[PDB]
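All chains are named by letter (A, B, ...) in the order of the sequence lines, taking the proteins before the strands, and each is independently numbered beginning at 1. Values reported hereafter were calculated over all heavy atoms of this structure, with side chains retained and with hydrogens, waters and symmetry mates removed.
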Amino acid sequence: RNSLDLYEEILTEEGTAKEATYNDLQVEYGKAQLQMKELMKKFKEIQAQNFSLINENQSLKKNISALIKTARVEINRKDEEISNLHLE
Amino acid sequence: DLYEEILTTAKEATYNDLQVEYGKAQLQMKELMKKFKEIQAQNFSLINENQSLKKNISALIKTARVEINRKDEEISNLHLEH
């Protein structure tokens, strides 16, 4: 019966192994999901950061364009009056 | 009949199922890291650019204020010698 005795010991030895490989997979899966959750929370942060950065960036581009134009016009009104005084 | 039980099975199919799930999770994670580093890079670019614009605006106001006042002095002096 030692061929059957070995057969039964074999079935359980392979069963113990496959269940422990499965167990390992279940654990590594959950670990990975924890990892994901953390990175997702970090990602949402820099994305919101990214959102306000672009907003600030657009407004600054607006402002520095507007201030240039209002300045160049304000200096032209000067140069025009100077010419008129040079013309009187 | 020996090994027919262990060969024939849902124990190993559900292992495969989860193994596929675990693989997908990893790839989803690798894709997320990619997007993260991409968005992060933009922020470093935006932070850099924004701070230099604020400085540029400041420098702009200063030289504008100076040149305008200078023209204004020219105008005063013109009336005076007139």
Main chain of [Y], side chain of [X]: is a donor-acceptor contact present, judged purely on distance under 3.5 Å?
{"X": "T14(B)", "Y": "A10(B)", "value": "no"}
{"X": "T12(A)", "Y": "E9(A)", "value": "yes"}
{"X": "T16(A)", "Y": "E13(A)", "value": "no"}
{"X": "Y7(A)", "Y": "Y3(B)", "value": "yes"}
{"X": "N63(A)", "Y": "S59(A)", "value": "yes"}

| request: Dump the intermediate steps for salt bridge (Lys or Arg N to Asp or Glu O under 4.0 Å) on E81(A) and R77(A), then the final yes or no. | output: CA-CA 6 Å; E81(A) 294 194 348; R77(A) 292 190 306 221; over 6 Å; no
Quiz item: When you look at NE2 of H82(B), are more than 12 heavy atoms from neighbouring residues, nucleotides or ligands closer to it than 6.0 Å?
Solution: yes
- [ ] Please indicate whether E28(A) has more than 12 foreign heavy atoms, meaning atoms of other residues, nucleotides or ligands, lying under 6.0 Å from its CD.
- [x] yes
request  = Would you mind reporting whether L53(B) and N57(A) have side-chain heavy atoms less than 4.5 Å apart?
outcome  = yes
Measuring only between side-chain heavy atoms, which start at C-beta, is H79(B) closer than 4.5 Å to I75(B)?
yes
message = Under 6.0 Å from the ring centre and within 45 degrees of the ring axis: does the NZ or CZ of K11(B) meet both conditions for the six-membered ring of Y22(A)?
response = no
For residues 36-54 of chain A, which side-chain donor-acceptor pairs fall under 3.5 Å, sequence neighbours excluded?
from	atom 1	to	atom 2	distance (Å)
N50(A)	ND2	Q42(B)	OE1	3.1
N50(A)	ND2	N43(B)	OD1	2.9
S52(A)	OG	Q49(A)	O	3.4

Sequence neighbours excluded and cut-off under 3.5 Å, please list the side-chain donor-acceptor pairs for residues 64-72 of chain A, or say none.
from	atom 1	to	atom 2	distance (Å)
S65(A)	OG	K61(A)	O	2.9
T70(A)	OG1	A66(A)	O	3.1
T70(A)	OG1	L67(A)	O	3.1

Value for OG (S76(B)) from CD (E81(B)), rounded to nearest 0.5 Å, stands at 11.5 Å
Closest non-hydrogen atoms of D79(A) and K71(B), given as atom of the first, atom of the second and distance, are OD1-NZ, 3.1 Å
Exercise for review: Determine, using the 4.5 Å side-chain heavy-atom cutoff (strictly less than), whether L7(B) and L11(A) are members of one ILVMFWY cluster.
Suggested key: yes
